[PDB]
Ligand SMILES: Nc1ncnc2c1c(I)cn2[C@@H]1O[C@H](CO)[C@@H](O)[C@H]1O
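Next up: a single chain in structure tokens, the form solved without this ligand.
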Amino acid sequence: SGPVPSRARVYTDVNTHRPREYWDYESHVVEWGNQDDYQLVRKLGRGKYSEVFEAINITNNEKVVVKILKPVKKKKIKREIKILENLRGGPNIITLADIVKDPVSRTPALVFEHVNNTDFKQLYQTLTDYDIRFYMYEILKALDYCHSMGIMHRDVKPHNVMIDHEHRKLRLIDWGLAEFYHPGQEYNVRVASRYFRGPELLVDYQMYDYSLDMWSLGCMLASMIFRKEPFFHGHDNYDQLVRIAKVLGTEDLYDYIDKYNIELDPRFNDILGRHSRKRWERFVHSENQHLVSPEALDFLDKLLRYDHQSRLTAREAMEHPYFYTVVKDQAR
């Protein structure tokens, strides 16, 4: 008798009800643009999976961002393309503008809309309490959309949230690790940064769903309101769960493991130990108290649950009192 199966609480069957081609990305045929339309201007950064450049589309003098892909299986490229195309036009989702291939090297490049990003290592030091609520709400719009479209981002973290603070514009980017949710499908648990991995990934529970993104969002929120980046700073996959357990407690952890009949890696037995569930007040100090409020802590608590089924959905999260003033302002 192995682990208890799990199904997404919401948006469970959205992909089943769509045509096969919506989610069957291995069959996707890429529509290629003209690489000569783009002249690279300057290098913007290096990623795990790509080199990122600023470019100009010389056919319309539009500034774009070009991610030249490092070698990866074509099906992973098809997946990212299919997901980006499925989500195009969705709220706060980065827009894929073109897909080109260098005719000599055969290296593919994804061409995106440009976003005048403010560096989060300089932005987060200036964000107000209202700013955090505002941008969290904007992230939730993107997550509710992609979840409703049958897609888990699986790499929610500050580096994948581009913010043009001057225009109060937000884009959730870097969909190369996202996947389609299918009920009963088992997924890879080692895909994104450990600091934002939900406990289900850390205990190798593979039948997870959209709620993994909600854990990651909670980790982001904690780091923003407490000014501690990353919040759960584990040394490895095992230590990561210890860091969580020292805050959320081991009792809720073992209850979760028992409920889903999860076989815990023998390493965890020694290192997890016994820990009380702590109060969030212990992370509040004079440098971050202007960002911490009862509503922030209530919201954070409802995201950071071991049991993925008990975390707020993106839509429930948007109804939380933490966002009341944001919702009122956006309505006028």
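Note that residue numbering begins at 1 and tracks the sequence as displayed.
Another form exists, solved in complex with this ligand; not displayed. Remarks below refer to it.
In the entry with it bound, this ligand sits within 4.5 Å of a heavy atom belonging to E113. A residue is said to contact a partner when one of its heavy atoms sits within 4.5 Å of a partner heavy atom; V65 meets this definition for this ligand in the entry with it bound. Under a 4.5 angstroms non-hydrogen atom cutoff, this ligand in the entry with it bound has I173 among its neighbouring residues. Although the partner is absent here, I94 lies within 4.5 Å of this ligand in the entry with it bound, judged by heavy atoms. This chain appears without its partner; in the entry with it bound, the one residue of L87, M162, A142, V203 with a heavy atom within 4.5 Å of this ligand is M162. Counting a residue when any of its non-hydrogen atoms is within 4.5 Å of this ligand in the entry with it bound, the hits in 36-68 run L44, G45, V52, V65.
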